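Written out below as C-alpha cells is the structure these notes cover.
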Amino acid sequence: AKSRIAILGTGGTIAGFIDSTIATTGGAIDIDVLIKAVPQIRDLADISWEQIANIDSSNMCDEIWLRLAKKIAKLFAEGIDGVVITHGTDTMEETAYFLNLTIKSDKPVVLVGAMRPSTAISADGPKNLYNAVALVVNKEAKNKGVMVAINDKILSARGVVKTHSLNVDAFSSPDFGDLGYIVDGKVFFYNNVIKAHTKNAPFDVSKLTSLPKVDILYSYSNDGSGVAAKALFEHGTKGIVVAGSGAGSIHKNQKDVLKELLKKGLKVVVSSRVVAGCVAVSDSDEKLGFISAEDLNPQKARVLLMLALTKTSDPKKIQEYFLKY
Amino acid sequence: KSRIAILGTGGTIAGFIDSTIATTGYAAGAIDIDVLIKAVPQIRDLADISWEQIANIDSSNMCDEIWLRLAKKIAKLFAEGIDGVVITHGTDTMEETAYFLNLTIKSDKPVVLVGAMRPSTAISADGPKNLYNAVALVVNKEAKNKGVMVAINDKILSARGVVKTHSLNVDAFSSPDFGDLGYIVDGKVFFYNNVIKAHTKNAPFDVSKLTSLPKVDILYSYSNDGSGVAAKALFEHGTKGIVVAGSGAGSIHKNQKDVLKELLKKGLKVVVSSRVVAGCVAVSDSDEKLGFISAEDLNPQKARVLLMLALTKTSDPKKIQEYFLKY
Amino acid sequence: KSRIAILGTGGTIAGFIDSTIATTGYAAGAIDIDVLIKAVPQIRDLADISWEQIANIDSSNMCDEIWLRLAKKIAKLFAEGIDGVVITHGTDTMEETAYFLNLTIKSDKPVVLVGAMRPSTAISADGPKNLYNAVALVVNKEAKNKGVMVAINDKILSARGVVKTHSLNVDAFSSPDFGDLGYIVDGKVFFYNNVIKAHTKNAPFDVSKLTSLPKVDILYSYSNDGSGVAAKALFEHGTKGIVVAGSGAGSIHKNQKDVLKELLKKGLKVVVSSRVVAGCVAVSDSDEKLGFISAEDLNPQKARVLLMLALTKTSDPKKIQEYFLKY
Amino acid sequence: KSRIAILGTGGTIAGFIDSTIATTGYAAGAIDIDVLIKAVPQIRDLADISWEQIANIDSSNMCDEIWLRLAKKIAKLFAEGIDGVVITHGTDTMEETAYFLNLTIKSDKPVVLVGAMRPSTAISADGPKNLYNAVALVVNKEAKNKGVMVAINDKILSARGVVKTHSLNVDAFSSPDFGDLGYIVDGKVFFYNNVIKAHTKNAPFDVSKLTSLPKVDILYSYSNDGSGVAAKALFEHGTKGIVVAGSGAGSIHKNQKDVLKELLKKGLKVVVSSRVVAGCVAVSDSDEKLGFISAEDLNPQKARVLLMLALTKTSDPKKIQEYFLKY
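Chains as they are written, first to last, in UniProt numbering: chain P, 4 to 29, 33 to 331; chain D, 5 to 331; chain L, 5 to 331; chain W, 5 to 331.
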C-alpha cells in the first residue's frame, strides 16, 4: 500500500509557461498537467494536491507562510505521510527555514522548484518533481528537518541558499553542504543537520494571523541607509536585519542611527552580504543590543528574528535563539 | 629596481589586538604602512619602495572622499615616474574600491589592492606573505594593462570580477562569474586570463575635477518586502539612484517595485541587481522601457559604483544601460 | 546564416534506454546524429546546418584514430567554406578530445564540443538545450579566435581549462584553474575572458600526415605505492612517455619514483601531473635535471595530450618542458 | 583538564627551507614534533599535552607499516587514559591515513589529523594556527563520537568525506560530496553536521594483530587506455586488488577493461572508482555479476583503503560491495 503524499502548490517557474521554448525568464499551469509529464510519480505514492498560492515567489508574503504551516499540520493529523511544496526558486530558502521552525511533525516536508518554465526545452521541473516525491516516501526521510530537493541534491532548510541566479544548478549550502543526493529516485543521505528543528523548535504560529514586522537594510561604502532605518522605524518596523560588509560590519553612517534606534526599542540583527562564513559582533555592541545572526544570511535571519519576536522582546534571549536554531 | 609606491588606507593587514589567538575583535588601521613593510624586508629586494598613509580606517567606513583622494594621488604618482602602485586596504569593501579605481585611473601601469583576513599580530598572520606577493605582482613585466587587480591568498583577481565570498576564511575572495586572472607561487606570477571588460585608459569616466559623487544607495528584496517605505525616504532625502538587491535574477517584490515605479516617474534612476552571488539578472523589455536598468552580473555594491560614475556623464537610462553592458 | 557543420561522435547525448526516469544504465551512441537535430527545430533557424557521423561510440573508449580523423575532417571542412563546427561528444573524455583539437586545428573558426549528462530519452534531458546553445555559440560573431571550446550547462569553457568535476550532475564541467570563458542565456552569448595560453593557429603541432601518435600512458601515486612494477612493464611494452598523477603538487612515492629514475636513464619521458583537481605541480631543480618534466596545472589525461604531441617534434625533456610552459 | 596526545608523522608542517619566502622545495619532516608544540605556548592552556614522534617523513612516502603502528598506538593510548589525539601529518596523503584510522580505531574519543601547506619556516606559515585549532577541537565537549576528523584552515572535515582539492593553496581541503562538519573560530568550535556513514566502533575492521596489509594498487583510465599491460604486471607480482580511476562515473576504456575481466576470472578483486573529484560511480548489474565493485563516491586512493581492509575479512565481491555501501 502506497504512502499518501500531498503536493501544496504556491506558484513558481515550475508551474509557469512562456510562449517561447528557448525562453526561461518571466502565465500559469495546472498541477495535474505537471504530473502528466511524470506519470510514474503516481507509482511512488497516492497523490493528492491543493493550491495554497499561485505567485512568483519574489512576491511571497507572511500570510502564505501562516497558511502553509497550519495546512501541513492539519494534513499530517489526517494521516498524510509526507508533503511536497511546489515553490518558486527566488524565496524558496526563506519559506523553507520558516516551515522548519514551525512544523512539529517528524514527517517529510520537501520544497521543490525549477529554473526553467515547463515549456522550455530541457525543462528541469519534471525530474525535480519526480525526485521530490521519491524523497518524501523514502523510509530514511523522517526527522531530517524541512528540506529542499533540486537538481538531484538534498539541502537542509537551515543551510540552503540560492547561489546562482540563472543556472539549473542554483542551490547550495554555503556553510553546511548537502544532506544528500538523489540518483534516479534513489535517495542517499550523507549528513544529519545538527541544528534543532521542527518538534524541537519552540515556535507556535497556530494562533497567529500576522507576524512582527521585520525589514532588511544593506551596508556599503558611503552608506546612506541611516535615512532608511529611521523611516522604517517610524512606519512600524519592529526589527531590522542588516546585511553588513565582511563579517557583519555596519558602516558608521548607518550604525550611529541604529544605535539611536536601539535605545527606542528597535531590535537589530547583524547579518552579512557575504555568502559564506559567520558574522562577528563585539562584546561592546552586544551590550547595546546588537544580535549576531551567526552564519544566517539576511533573508533567513529575518525569518528567525520574526519568530523570536512572537515569544520575547529581550535581545539576550533572541541571541540564544540565533545560537541554537 | 623599479619604483613602486605603497599606499595605506588602513584595514586588517594593519590591525592590532593584544591576543595572538584572536582574529575577530581587533582594531583595523592600528599600524603604519611603514611598519608592515619592515616586517617583510624582502619586498625591498623586489623594488624601490616608497610609501604613504592616505588614511587609516576600517574599510566598512569607506566613503567617496577617500576614493576621490586615492584616484588623484595615483594619477599624480604615475605622472611623476612611479612604475606601479600597491594599496593596502581592509577586506570588507576592497571589491568596491577596486572597481572604482578600475574605471577612473588613466594608466596601464599596475594597480594592486591587498589585504589580510587576520590582524598583523595574529598567529599565522595573513598579511606578510600577501604584501610580499602584491609587490611581486606589481613589479612583474606582464602586469601592465591588466586593469586594476586584487591580489590576495596567492590568487590574482580582476577588479571587475572580484567579490568577497567568505567572511572569516583566509581564502576569502573569488570571481564568482569571471574566474581568476592568475596565480602567485612564491613571488612568481602566472596569468591565465585576460579580462575583456574595458578598463583604465578605455573607461570614459573622469573624476579629477570632482569633489563629490552622485548619491546612490542600496535596497534589498525579500518575502513581505517593506523596502517601499525606505525607497521613498531615500528619494526624499536626495538619493539620486537606488540599486536593488533583487531576489533570483533581479526580481523585486511587488510592494517595493510599485514604489520604485512611482519614483522612476519622478526622476530616480533604478538599477536592478541581485542578492544572489553568481549569475546575471534579467529585466523584461517592459521594465526597461519604464527605466529599470540591468546590473547584469555586478552585485549591488559594485553596481552602485558603476551607476554613480554613469551619473557623472549622463542622465539617460538608455545610456546608463549601455555602460552596464560594457564596463 | 553561418554554414555550420555538426559532427556526431556518439556519447550520452545520443544515448538511449527504455525507462524515461533512468539515467545510469543507458546505451551511449544508440541514436543517429541527425535525429537529435530534428528534435531542436529552433536550431535550423540559427544557421545553415549540415552533419555527418564520424563515429557513434562511448567516449570512455576514445582513441587516437578518432582524434586524427576528427582533426583532419575539420581541417577539410574549414577549407570548404564551413564557418564553424559543433562536436557532439560523450562527457567522459571530452576534455581530452577538446585539448587535442585545440592544439591541432589550424583555423581561427569556432569549434565547440557539446554533450549531455542525461540520455536523450530521459525526462528533463539536458541534451537539446545544450545542443541549441552550442549552435548559438558557433554562430556568434564573437566566437572567433577563442580557441576550441566546450559548451555545456550554459557555461562556455576553454579547452585548456576544462575538466569534468562531477560524474552525475548536469552541472558536470568547470575550469578549476582558469574559470569560464563565458555564459549563455537564452541563445545569447556573453564572454568574460580570453584565455592567454596559445592555441590553434599558434600551436606548432601538425598531425595531417600522421596515422598514429606516440604511446603515452598514465600512472597514479598513493600511499605504499606499488606502481614501480607498472612503470617497468609499460616501458617494456613500447611506452614512450608516462604521465604520473602525483599526490599534492606532483609528489611521487619513493617506490615508483626510484623506478621512474632508472627508466629516465633509458629513454622514457616522464611528466609530473597531479591527482588533485586544482592547482599547479612543483618539480624541483634537481628532479628536472634528471629529466622530470612539470605538467604545471594540466591534469593527467590532458597532460597526456601535450606530451604525446610534444613527442611528434622532439624527445628533449628541456624542450617538452618549454611546450608545457606555453600551451 | 583533558589529556591530549600529539603524534608526529612529519609533513610540511614540520618542513624546513632556508628561505622565509619560499614555500616549495623544502624538506618535509625536518622538525621534531616537540619544537612545533613549544612554538605555540597557548596550546598548554587547552590541555595536558604529551607527544610522541611516530615517524618524520614526507607524506607522499606514506606506507602500510606506519598506518598499522598509528592505529595500534592510538588504541593503546586511549585505553591508558588519553582523552584525545592529534596527528601532525603531511597533506599529500592525509585523506588516506585519515580514512584508514576512521575504519580501524574502536573508540569514540576525538582523533584529529592536521597539517600545513607552508613550511614551518615560511612567512605567514599556517602550521601554528592549524595546530592550535586542532587541539581546541579535540578538547571540545562536542568532539566525541564524530568519527575521525581532519581540521585544517579553520574547517572541520570528516575522514569519510575529506579530499585534497588544491595542490598549492592554504585552503587545500574540502569534501566534494559530504561538505564540511563544522568550522573553528579562534579555538571556538562550531559543529553543523553528523556524518551518517558508520565509523570507528561500528566498523568491523580489526588490525590489532596485523603486521601487513593486502596488496591493493591503483590504475587510471583515459583515451586509448594502455593500462592492461600494467594490470597484468601488477597481478603477477602479487597485487590482490586493483582500484581503477575510471572516466566519468566509473567508465573504463575497453582496452584495460577487457584485461580486467580476464583478471577477474583469475581471482583479482576489482574496484571501480573515478578520476572525477565529485559524484558517485555507476556499475551495471552485468558488470557487478562479473565481480566489478562500485567505489560509490570514494576516490581511488580512499577506495584503496577500504578494499584493503575488506580483504582482511573476505574475498567475496558481494561482501566487499556491501562494505562500500556502508562505510
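All C-beta atoms, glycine included, are put in the ideal place defined by N, C-alpha and C.
7 Å Cβ cut-off: residues of chain P touching residue i
| i | result |
| --- | --- |
| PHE182 (chain W) | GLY183, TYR196, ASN197 |
DSSP three-state assignment for residue i, whether helix, strand or coil
| i | result |
| --- | --- |
| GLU240 (chain P) | coil |
| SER216 (chain W) | coil |
| residue 3 (chain W) | The structure shown does not extend to residue 3 (chain W), since chain W is modelled only from 5 through 331, so no value can be given for it. |
| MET121 (chain L) | coil |
| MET153 (chain L) | strand |
| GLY33 (chain W) | coil |
| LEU161 (chain P) | strand |
| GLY271 (chain W) | coil |
| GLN305 (chain D) | helix |
Cβ pair residue i, residue j closer than 8 Å
| i | j | result |
| --- | --- | --- |
| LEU117 (chain W) | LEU313 (chain W) | no |
| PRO180 (chain L) | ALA31 (chain L) | no |
| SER277 (chain L) | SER255 (chain L) | no |
| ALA147 (chain L) | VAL189 (chain L) | no |
| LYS244 (chain D) | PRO208 (chain D) | no |
| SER227 (chain P) | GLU84 (chain D) | no |
| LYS159 (chain P) | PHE182 (chain P) | no |
| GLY33 (chain W) | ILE10 (chain W) | no |
| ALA253 (chain P) | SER290 (chain D) | no |
Per-residue burial, residue i [other beta carbons within 10 Å of its own, 16 or more giving buried]
| i | result |
| --- | --- |
| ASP36 (chain P) | exposed |
| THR13 (chain D) | buried |
| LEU329 (chain D) | exposed |
| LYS133 (chain L) | buried |
| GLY271 (chain L) | exposed |
| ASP130 (chain P) | buried |
| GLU240 (chain D) | exposed |
| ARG73 (chain L) | exposed |
Partners in chain L for residue i, counting only beta-carbon separations shorter than 7 Å
| i | result |
| --- | --- |
| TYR187 (chain D) | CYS284 |
| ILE156 (chain D) | Residues of chain L passing the Cβ test: none, with the nearest at roughly 16 Å. |
Close beta carbons around residue i, own chain, < 8 Å, minus the five adjacent residues each side
| i | result |
| --- | --- |
| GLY242 (chain D) | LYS219 |
| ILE297 (chain P) | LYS273, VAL274, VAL275, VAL276, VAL287, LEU311, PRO321, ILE324, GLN325, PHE328 |
| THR95 (chain P) | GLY15, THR16, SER63, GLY119, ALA120, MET121, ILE156, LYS168, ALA176, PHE177 |
Chain-order list of residues whose beta-carbon lies under 6 Å from that of residue i (same chain, five-residue window excluded)
| i | result |
| --- | --- |
| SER231 (chain P) | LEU223, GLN260 |
| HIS203 (chain W) | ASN106, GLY151 |
| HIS257 (chain D) | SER225, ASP229 |
| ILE127 (chain W) | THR24 |
| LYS322 (chain D) | none |
| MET98 (chain L) | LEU117, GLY119 |
Contact set for residue i: own chain, Cβ-Cβ below 7 Å, skip 5 residues either direction
| i | result |
| --- | --- |
| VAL139 (chain L) | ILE8, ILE47, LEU50, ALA51, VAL90 |
| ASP38 (chain L) | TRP55 |
| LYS76 (chain P) | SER212 |
| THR125 (chain D) | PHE20, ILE21, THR24 |
| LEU268 (chain P) | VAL274, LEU294, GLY295 |
Chain-ordered neighbours of residue i on chain W, where CB pairs are closer than 7 Å
| i | result |
| --- | --- |
| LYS168 (chain L) | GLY252, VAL280 |
| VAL233 (chain L) | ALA237, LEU238, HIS241 |
Within chain P, partners of residue i - CB distance below 8 Å
| i | result |
| --- | --- |
| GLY12 (chain D) | Residues of chain P passing the Cβ test: none, with the nearest at roughly 17 Å. |
Chain L residues whose Cβ lies nearer than 8 Å to that of residue i
| i | result |
| --- | --- |
| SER298 (chain D) | Going along chain L, no residue has its Cβ under 8 Å from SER298 (chain D), so there is no contact; the nearest lies around 12 Å. |
Amino acids of chain D, ordered along the chain, whose beta-carbon sits closer than 9 Å to that of residue i
| i | result |
| --- | --- |
| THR28 (chain W) | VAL189, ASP190 |
Neighbouring residues, chain D, relative to residue i (Cβ below 7 Å)
| i | result |
| --- | --- |
| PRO123 (chain W) | Going along chain D, no residue has its Cβ under 7 Å from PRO123 (chain W), so there is no contact; the nearest lies around 11 Å. |
| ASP130 (chain W) | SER128 |
Interface partners of residue i on chain L, CB under 9 Å
| i | result |
| --- | --- |
| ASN173 (chain P) | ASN157, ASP158, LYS159, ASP175, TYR187 |
Fill in: Residues within the segment 94-108 of chain L neighbouring chain C, beta-carbon criterion of under 7 Å
Of the chains in the structure shown, none is chain C; the protein chains are P, D, L and W.
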